[PDB]
RNA sequence: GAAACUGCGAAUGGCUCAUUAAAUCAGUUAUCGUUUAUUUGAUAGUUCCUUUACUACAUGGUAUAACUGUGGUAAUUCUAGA
RNA sequence: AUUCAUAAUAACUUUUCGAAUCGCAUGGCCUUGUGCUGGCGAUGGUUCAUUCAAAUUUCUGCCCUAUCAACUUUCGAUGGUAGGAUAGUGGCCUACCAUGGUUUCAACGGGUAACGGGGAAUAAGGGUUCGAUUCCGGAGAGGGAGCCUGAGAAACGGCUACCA
Ligand SMILES: [Mg+2]
Ligand SMILES: [Mg+2]
Ligand SMILES: [Mg+2]
Ligand SMILES: [Mg+2]
Ligand SMILES: [Mg+2]
Ligand SMILES: [Mg+2]
Ligand SMILES: [Mg+2]
Ligand SMILES: [Mg+2]
Ligand SMILES: [Mg+2]
Ligand SMILES: [Mg+2]
Ligand SMILES: [Mg+2]
Ligand SMILES: [Mg+2]
Ligand SMILES: [Mg+2]
Ligand SMILES: [Mg+2]
Ligand SMILES: [Mg+2]
Ligand SMILES: [Mg+2]
Ligand SMILES: [Mg+2]
Ligand SMILES: [Mg+2]
Ligand SMILES: [Mg+2]
Ligand SMILES: [Mg+2]
Ligand SMILES: [Mg+2]
């Protein structure tokens, strides 16, 4: 799925495409608001914490 | 039907306006105001259908938005503003003053009045109540409220009103034998004194009226507007002086003035 | 071209619209109705105000030939005509340009298309430009 | 001066005659039985506080559209995160 | 005609309103503070009045029908008390209580290829027949119900649900 990541300290944004259901799997059952550590998703994201804010499904 | 109605089908217009049958479909609908819908004369009507100053309705807005016309002292810029009986219409340019007052056929007559008389008016007091904080007020037929009237002033008396100021400057009691203008009914327009009042507790006093031709008729109280003394009116009357002639008498007048 | 004769009846000096207004009653023997340009060109040289502040219309010519009756206006200035005259009239004369536009229902259709958009639009141009990849 | 916010209007108008037989409607009443945007005319010296070490009145608070920018869906006057 | 308008006392209130707004002009005044004053009119604001309304409402007046004679209270029918609800009266609704209400002067029921009225057609008169339809009133937006906004809608070129 596609990730829509914003750094709201810099008011920046850019999207990331994650394939591999194993890396994707970290977000499952996590809600909106819940925090998510980064390394799981990518080795770039190590250190980073993500807040889940929303998104869109297919359709 | 869901809300305030906002149009007026020509034909449902009051007749004393003398609008034509065709040429259109609607008549102007009198805005809310000092005078009731059906006993009013919208500015549009006066500026175009009587005075012939405008040809269009479009030119009535044009005349008005330059603040040419002013009613009862104040300017007024509503095309269909409800002018009414006793009100005073003024054109500063053209140096012209008017009072709205009835025919003998029940219509609003074009009546030129002098610049001084053009600065006051008469009001039938319609109710006199004690208002909040103990202040007594009167209310006149054109919906003015006037605080602190004369204690002697009661309902049905007429009242002389400054205009330049809000205040009353004189009043006339509803008595046996006082000049009366009839405002409603068939005898709309007739003028004459008062012979006596029928009482009828619980609905519609009757006022027996005689004019200066020893002719007599009756109306509901409601329709009687005191305006002075036998002789002394407190405003100028239109030519005819509210006397009403038979169709014969009117025929003979009109065919007496015949030789060019 | 046969004397004619322009008569003006029922006349009202109308300050609150800056003009004199009147009936125009034209006798025209042996001349089938006179025309409006002639009537402003002439009435000008009567009411001392010059053509392009004289307005004229109404006008149907009488049954059986001879006469036409219309209506006339003469403004105190050309500044005043150009502002108190109906704009189609100024067009007839040559004092205003017929700024013609889209069909009345072409306009309506543009209004209704425009209702489908919320905001300026150009946001929607770029976003819909991305589509050209999916 | 686009967009957008705010205000007002969209309850008028136009159409039709399915329902409806004491209903509607007409003429005539009543409100000492109520609501009433608007128009018009009136109408407001009082707001704080155990009432000297005193309160923003020379005027107090953010949170949002439009917008910028990152997006989703075959698809609508769909709309999400920043 | 009133327990009316208006006022007075004791308190009450998740305290209503009592201008943190906008446009033109820039002027007076002396103790010289950018002091203190100050013009015309916009928009707003509480209460009362007025105007445009609305909602109920009194009296009388509808076509055919007895092969419709009794009808009304199931699960309000008719009245009384109190409340609740409403903008407000009222069985409008609820609780208690009573047994009332309409009818051959045709109730009740059925039919209507019935919206009502201003009116139309037919010309001795008396009548007979018609009015979906230019104006007034009412009702509806495929059918039913519900409701949001709002002064005003049970709104349909508004929403919600079910049915088609
Ligand atoms: Mg109007
Ligand atoms: Mg009464
Ligand atoms: Mg258009
Ligand atoms: Mg737009
Ligand atoms: Mg309608
Ligand atoms: Mg907040
Ligand atoms: Mg009281
Ligand atoms: Mg100064
Ligand atoms: Mg049978
Ligand atoms: Mg009861
Ligand atoms: Mg019983
Ligand atoms: Mg019978
Ligand atoms: Mg039917
Ligand atoms: Mg019928
Ligand atoms: Mg009909
Ligand atoms: Mg039918
Ligand atoms: Mg409806
Ligand atoms: Mg259909
Ligand atoms: Mg059913
Ligand atoms: Mg509906
Ligand atoms: Mg509609």
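Each answer follows from the model by the rule given with it, or from the source it names; nothing here is a laboratory result. We place every Cβ from the backbone using ideal geometry, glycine too, and count neighbours over all the protein chains shown.
Table: residues versus (1) more than 14 Å from RNA strand D (Cβ to nearest atom); (2) farther than 18 Å from residue C:16 by Cα; (3) in contact (Cβ under 8 Å) with a residue 60 or more places away in the chain.
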site: B:28; (1), (2), (3): no, yes, no
site: B:95; (1), (2), (3): yes, no, no
site: B:98; (1), (2), (3): yes, no, no
site: B:104; (1), (2), (3): yes, yes, yes
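Matching residues to (1) within 16 Å of ligand 1 (Cβ to nearest atom); (2) within 14 Å of another protein chain (Cβ to nearest Cβ); (3) under 22 Å from residue C:134 (Cβ atoms); (4) not in a strand (DSSP E or B):
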| site | (1), (2), (3), (4) |
| --- | --- |
| A:5 | no, no, yes, no |
| A:13 | no, no, yes, no |
| A:23 | no, no, no, yes |
| A:31 | no, no, no, yes |
| A:36 | no, no, no, no |
| A:41 | no, no, no, yes |
| A:45 | no, no, no, yes |
| A:57 | no, no, yes, yes |
Select, from B:41, B:51, the only residue that is assigned by CATH to the domain that holds residue B:91, within 16 Å of RNA strand E (Cβ to nearest atom) and under 23 Å from residue B:102 (Cα atoms). B:41
Picking from B:55, B:41, which residue would you name as being in contact with a helix residue (DSSP H, G or I) (Cβ under 9 Å, 6 or more places away or on another chain) and either more than 14 Å from chain C (Cβ to nearest Cβ) or surrounded by fewer than 13 Cβ atoms within 10 Å (Cβ to Cβ) (or both)? B:41
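Per-residue answers, yes or no, for (1) within 16 Å of ligand 1 (Cβ to nearest atom); (2) more than 14 Å from chain B (Cβ to nearest Cβ); (3) over 30 Å from residue B:70 (Cβ atoms):
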| position | (1), (2), (3) |
| --- | --- |
| C:2 | no, yes, yes |
| C:27 | no, yes, yes |
| C:39 | no, yes, yes |
| C:42 | no, yes, yes |
| C:45 | no, yes, yes |
| C:55 | no, no, no |
| C:70 | no, no, yes |
| C:88 | no, no, yes |
| C:110 | no, yes, yes |
Filter the stretch B:36-57 down to residues that are assigned to a loop (DSSP other than H, G, I, E, B) and either in contact with a strand residue (DSSP E or B) (Cβ under 6 Å, 6 or more places away or on another chain) or away from RNA strand D (no atom under 16 Å from the Cβ) (or both), then give me how many there are. 8
Working carefully through the options C:10, C:82, C:20, find the one that is within 14 Å of another protein chain (Cβ to nearest Cβ), in a strand (DSSP E or B) and surrounded by 15 or more Cβ atoms within 10 Å (Cβ to Cβ). C:20
Being under 29 Å from residue B:14 (Cα atoms), assigned to a loop (DSSP other than H, G, I, E, B), without any contact (Cβ under 8 Å) to a residue 40 or more places away in the chain and away from ligand 1 (no atom under 16 Å from the Cβ) is true for just one of B:185, B:143. Which residue is that? B:185
For the stretch B:11-35, how many residues meet the condition of being more than 22 Å from the chain's Cα centre (by Cα), within 16 Å of ligand 1 (Cβ to nearest atom) and not in a strand (DSSP E or B)? 2
Among the residues of the stretch B:58-81, the number that are crowded, with 16+ Cβ neighbours inside 10 Å, in a loop (DSSP other than H, G, I, E, B) and within 11 Å of chain C (Cβ to nearest Cβ) is 1
Would you confirm, using the coordinates I've provided, whether residue B:164 is touching a residue at least 60 places away in the same chain (Cβ under 8 Å) and either loosely packed, with under 11 Cβ neighbours inside 10 Å or part of a loop (DSSP other than H, G, I, E, B) (or both)? yes
Any chance residue B:6 is away from RNA strand D (no atom under 14 Å from the Cβ), in a loop (DSSP other than H, G, I, E, B) and either within 14 Å of chain C (Cβ to nearest Cβ) or without any contact (Cβ under 8 Å) to a residue 40 or more places away in the chain (or both): no
